[PDB]
Amino acid sequence: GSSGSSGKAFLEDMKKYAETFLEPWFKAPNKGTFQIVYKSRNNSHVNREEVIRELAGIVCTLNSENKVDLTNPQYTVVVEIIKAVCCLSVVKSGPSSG
């Protein structure tokens, strides 16, 4: 995974948060699949891939059982950009047996 080196605070923070925030959503005893999506209404300096990829790289770190999927995702983690802030929205969708 990511070598692990500070630098882009904008991200560093999002990590410490998305982690302790998604812990109960990705980190045991919770686990499962998910789908990350980068949403930005305005032009942002930080790349979208870096945000998505990374976010995913952290999810797995929590629980090895966690596996980001784009087909049968259980938890949708979207990242909206507002007032220059990382807005993480977790949506629980399960079309299985309603």
Item checked: Packing-based exposure ordering (other Cβ within 10 Å, fewest first) of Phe21, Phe34, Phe26 -> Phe21, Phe34, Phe26
Next item on the list: Would you kindly state how much longer the chain becomes between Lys92 and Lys8 on full extension, computed as 0.36 nm times their sequence separation minus their alpha carbon distance, in nm to one decimal?
Entry: 27.3 nm
Check: Expressed as an acute angle from 0 to 90° and rounded to the nearest 10, what is the orientation of the C-alpha long axis of helix 48-62 relative to the principal long axis of the chain?
Finding: 50 degrees
Next item on the list: Rounded to the nearest 0.05, what FRET efficiency do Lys16 and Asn43 give with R0 = 35 Å and r taken as the Cβ-Cβ distance? Could you check?
Entry: 0.85
Next item on the list: Could you list which residues have their amide H under 5 Å from that of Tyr75, counting only those 5 or more apart in sequence or on another chain, with H placed in the peptide plane?
Entry: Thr33, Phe34, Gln35
Item checked: Residue order, fewest to most surrounding Cβ atoms within 10 angstrom, among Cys87, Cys60 -> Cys87, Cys60
Checklist line | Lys/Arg +1, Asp/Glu -1 at C-beta; the chain dipole; positive extreme among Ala9, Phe34, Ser93 | finding: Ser93
Check: For the Cα atoms of the chain, what angle does the longest principal axis make with the long axis of helix 9-26, in degrees from 0 to 90, nearest 10?
Finding: 10 degrees
Checklist line | Mean ellipticity per residue at 222 nm, deg cm²/dmol - from DSSP H runs of n ≥ 4 across the chain, formula -39500 (n - 2.57) | finding: -11000 deg cm²/dmol
Checklist line | Cα centre as origin, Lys/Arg/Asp/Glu Cβ charges: the chain dipole, Debye | finding: 180 debye
Next item on the list: For region 7-93, divide the Cα radius of gyration by the Kirkwood radius and give the resulting Rg/Rh value with two decimals.
Entry: 0.95
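Using ideal geometry, Cβ is built from the backbone for each residue, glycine included, and neighbour counts are taken over all protein chains shown. No value in this document is a laboratory result; all are computed from the given coordinates.
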